[PDB]
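First up is the structure itself, then whatever we jot down about it.
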Amino acid sequence: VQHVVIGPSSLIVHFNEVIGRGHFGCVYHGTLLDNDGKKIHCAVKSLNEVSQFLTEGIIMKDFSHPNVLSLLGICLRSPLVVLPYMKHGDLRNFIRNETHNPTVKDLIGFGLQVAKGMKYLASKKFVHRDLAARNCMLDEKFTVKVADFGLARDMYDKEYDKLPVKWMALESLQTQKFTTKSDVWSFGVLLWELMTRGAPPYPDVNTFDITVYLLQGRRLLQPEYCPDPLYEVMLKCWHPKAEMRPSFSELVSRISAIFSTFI
Ligand SMILES: CN1CCC(COc2cnc(-c3cccc(Cn4nc(-c5cccc(C#N)c5)ccc4=O)c3)nc2)CC1
């Protein structure tokens with residue numbers, strides 16, 4: 001924690017500007033100062049046991065990838081988690097917004113960015129457990145950051161019942177076993193959210209019903225603007241046998257090929 005401590009004098013937290021709400025606390029717009037006096041935009045996560053949470057999440061300072069959320073630091077005083085501000089907020093609200101019009105290629109490009117971030121996390125043997133479009137952020141350059149892990153972990157939406165059962169693999173619903181292969185299943189649902197522009201998966205299925213539903217021989221339907229090879233990728237992500245699901249390295253390779261076919 002020593003190398004990532006932020007002095008309370010160097011942090012301005014705007015408690016009036018709430019930009020996110022979670023069960024553990026709120027996200028606020030903040031301001032950090034650099035050695036030269038330049039203001040850096042923050043997202044300050046509040047935390048309301050605490051030592052255990054910081055112990056579990058301090059591994060995030062060692063992660064560094066352009067598609068993975070980084071940690072700016074921790075302000076000790078209840079501790080505050082300092083994260084980089086993500087101008088366009090969460091990926092799900094972005095694709096449901098009406099100020100921007102992402103093309104089918106842009107949506108596939110967002111999925112490819114997530115797959116690159118996940119490929120990095122899987123190479124570090126890190127299992128996300130809650131991969132979903134609501135849990136990825138978009139910065140000022142429209143770069144996707146896989147977020148909601150370590151110190152940033154929280155439930156930021158009401159899509160839990162708490163577990164995100166509609167994004168969970170069949171073996172995780174049955175035995176509560178989470179692996180990189182169950183993150184590949186969640187990644188499939190995330191591609192489907194991207195291709196439907198943020199539609200809720202299985203809308204007429206109650207969260208308690210999902211296991212029986214999947215076991216009947218059912219999967220999410222192909223969205224109307226989803227290319228066939230991308231729907232095949234989603235179907236491979238949802239393979240009933242975890243070991244038969246593509247790796248994130250294979251997903252990056254395959255999705256980059258599909259992305260390249262669009263003008
Ligand atoms: C209209 N609105 C005004 C504010 C604008 C900027 O808002 C921002 C909101 N949040 C951050 C931020 C950055 C780094 C880390 C986190 C923590 N974190 N939060 C979420 C999160 C936040 C809000 C809603 C939902 C959901 N569902 C999910 C997911 C994963 C995660 O790790 C938050 N930055 C900017 C966007 C447009």
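For this structure, a couple of remarks:
- Residue satisfying all of: in the stretch 236-261; among the basic types (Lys, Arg) and not in a helix (DSSP H, G or I); surrounded by the most Cβ atoms within 10 Å (Cβ to Cβ) among these: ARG245
- Candidates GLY109, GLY150, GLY73, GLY89, filtered to the one that is more than 17 Å from the chain's Cα centre (by Cα) and either closer than 20 Å to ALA43 by Cβ or more than 14 Å from the ligand (Cβ to nearest atom) (or both): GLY73
- Looking across the stretch 27-59, the residues that are closer than 12 Å to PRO79 by Cβ, among the aliphatic types (A, V, I, L, M) and surrounded by 14 or more Cβ atoms within 10 Å (Cβ to Cβ) come down to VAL44, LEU47, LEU54, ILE58.
- Residue within the stretch 103-119 that is of a type outside the set (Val, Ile, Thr) and in a loop (DSSP other than H, G, I, E, B) present: no
- Answer from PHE15, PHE94, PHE24 - the residue that is within 9 Å of the ligand (Cβ to nearest atom) and out of contact with any helix residue (DSSP H, G or I) (no Cβ under 7 Å at 6 or more places or on another chain): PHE94
- Inside the stretch 1-44, residues that are farther than 19 Å from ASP157 by Cα and aliphatic (A, V, I, L, M) make up a count of 10.
- Scanning the stretch 64-92 for residues that are part of a loop (DSSP other than H, G, I, E, B) and either small (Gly, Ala, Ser) or over 26 Å from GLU193 (Cα atoms) (or both) yields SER64, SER70, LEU71, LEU72, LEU76, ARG77, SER78, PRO79, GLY89.
Bear in mind that the values in this text are calculations on the coordinates, not laboratory data. Quick reminder, even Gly has a Cβ in these numbers, built from the backbone with ideal geometry, and neighbours come from all protein chains shown.
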